Every structure is written in C-alpha cells, then in structure tokens.
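For the sequence shown, the authors' numbering begins at 279 and goes up steadily by one.
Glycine included, every Cβ here is placed at the ideal spot set by N, Cα and C.
Here is the structure we will look at, set down as structure tokens.
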Amino acid sequence: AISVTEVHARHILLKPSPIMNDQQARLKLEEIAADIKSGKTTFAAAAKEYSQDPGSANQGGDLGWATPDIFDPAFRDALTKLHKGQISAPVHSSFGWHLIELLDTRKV
C-alpha cells in the first residue's frame, strides 16, 4: 500500500535586485521573522506586504496542498524539519530567499 503525502505550506519570498543584494534580502527576512514572532505583524499580513511571489502573496503566502516534490529541493529540505507553529530561518532557493512554514500534512 504505497503512500502519497501532501504538505500544506506557506512562505514569504524576497528576490535580490540592484536595490537589495543577497545579504540585505536575508537580513530583511530575519527582521520580518522577528516581527512575526513579536506580534508586530501576522505571517499572512507580512506575506501580503512583502512577498515577491505573486502566486501566493495575496493569499497570505499560502501554497495550498501539494506533494513536496513540486518544490525547489532546498525549500523541500527546510520544510521537512519544521514543527507546527515554527517559521524557518531564511532559506535560499533558485527563486530567491524564503521564510517557510509547514501548516499540515496528509495522506491522499
């Protein structure tokens, strides 16, 4: 009986640019993360304000349900280690830098 596990993830993406190099992108995510953790903002509000992924920014960063092989492998690796409520440290993918949360898992 072969299993298929879907994950429910959310994230905030920042891409480097000429205004924002890689160091500035990572440190900005650290500042967002500490704002979420200190109740200055919610994860969803920050996703809406800052996330540079237009496929999810307006849905509070929500990625829906998916088998995790759809994700960049660095994103997938980080997702694997996360407990309920926990936000990742900033994670680099081919897309830029991410804050990641694992919301749930299920079998389909």
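Starting from residue i and walking both ways along the beta strand (DSSP E), at which residues does that stretch end?
i: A287; result: 283–292
i: residue 276; result: Nothing about residue 276 can be reported from this structure: the residues present for the chain run from 279 to 386 only.
According to DSSP, is residue i helix, strand or coil?
i: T383; result: strand
i: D350; result: coil
i: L307; result: helix
i: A279; result: coil
i: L357; result: helix
i: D340; result: strand
i: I314; result: helix
Do residue i and residue j have their CB atoms nearer than 8 Å?
i: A325; j: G342; result: no
Taking just the CA atoms, how far does residue j sit from residue i?
i: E379; j: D347; result: 16 Å
Locate the alpha helix (DSSP H) running through residue i, then write down its first and last residues.
i: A325; result: 321–328
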